[PDB]
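This document starts with one chain, in the form deposited in one PDB entry, laid out as structure tokens.
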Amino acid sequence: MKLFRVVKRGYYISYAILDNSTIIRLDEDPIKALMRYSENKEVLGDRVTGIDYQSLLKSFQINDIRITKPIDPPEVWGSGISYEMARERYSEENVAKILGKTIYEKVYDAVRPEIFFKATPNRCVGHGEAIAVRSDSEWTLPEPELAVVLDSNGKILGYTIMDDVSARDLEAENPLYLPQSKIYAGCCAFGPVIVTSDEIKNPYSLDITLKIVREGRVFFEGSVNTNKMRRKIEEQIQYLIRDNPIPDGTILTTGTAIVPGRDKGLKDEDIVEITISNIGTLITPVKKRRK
């Protein structure tokens, strides 16, 4: 089951597409619906015709309906430095270093992984909506990541593509500015669908691809496979929920491995495209904030 939501005349409608192309309109709340499918694979609703899912991915935006965030995640959390060579996060001399070793390569080795609060639902956007660059950021990058939808017990309800938009220049300036660099209006994008757990046989065998498009020009292209992930997801979830209750429908984003250069910073009207196998391609335009 691949799950998506549209906004129509002020109200939401949620639809699920099956492997045989049949589209089902949902009766329940999408988060409630994912929790159901997790237990017994049951879906409540009616089969619908005249809903062009493929056109929605391309155009947005057809007649009356517009695709958006598939769910409203009550909390979005992030997990840092889970990949090979992710330690070199700003290799300039010098960043923050404890006993000669940098803070980022410390966490890569340490038992306890990095976990940070990323966004509230109203700070998130969906497929076809604009992500943002802070007014006071000269170097902001998109971070293409595999993200999991969780229940209150930390059980994986599904997978999605997430863009952890990071004002990298503020982070490099001082690690204590990380929250300012990560948490703002339009700092987070996910979609276009949330695939159910059974739609992906192996989460550690998926192709993530980033493309930044500036006036038709491919400004950056890079891709990495999930087999390069060292810190496993189950461990990230374990440290997330420890003494820390999360609501149903929490999204955890698993960290990035595709890092564009110092010159590849985002600017107004850019088009960020992220592709993950079996899920789809998330396309979000970029909007530079005015001071």
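Numbers for residues come from their place in the sequence shown, where the first is 1.
Only in words, not in the display: the form solved in complex with a small molecule, which the text now covers.
A.B. asks: For this chain shown on its own, do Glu114, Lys182 and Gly255 all sit within 4.5 Å of the small molecule in the deposited complex, going by heavy atoms?
C.D. replies: Verified in the deposited complex; spot residues all in contact, yes.
A.B. asks: What is the one choice in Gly158, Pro73, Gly80, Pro192 with a heavy atom within 4.5 Å of the small molecule in the deposited complex?
C.D. replies: The option sitting close enough to the partner is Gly80.
A.B. asks: Using heavy atoms only and a 4.5 Å cut-off, determine which of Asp169, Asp151, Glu143, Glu129 is in contact with the small molecule in the deposited complex.
C.D. replies: Selected option: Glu143.
A.B. asks: Does any heavy atom of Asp164 come within 4.5 Å of a heavy atom of the small molecule in the deposited complex?
C.D. replies: Within the cut-off, so yes.
A.B. asks: My question is simply whether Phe219 lines the interface with the small molecule in the deposited complex - judged by any non-hydrogen atom within 4.5 Å.
C.D. replies: Judged by the heavy-atom cut-off of 4.5 Å, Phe219 is well away from the small molecule in the deposited complex.
A.B. asks: Taking any heavy atom pair closer than or equal to 4.5 Å as contact, tell me whether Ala96 reaches the small molecule in the deposited complex.
C.D. replies: No, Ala96 stays farther than 4.5 Å from the small molecule in the deposited complex.
A.B. asks: Contact between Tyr108 and the small molecule in the deposited complex at 4.5 Å, heavy atoms?
C.D. replies: Heavy-atom contact with the small molecule at 4.5 Å: absent for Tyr108.
A.B. asks: When the small molecule is placed as it is in the deposited complex, which of 143 to 151, 130 to 138, 183 to 191, 198 to 206 ends up with heavy atoms within 4.5 Å of it?
C.D. replies: Checking each option against the 4.5 Å cut-off leaves 143 to 151.
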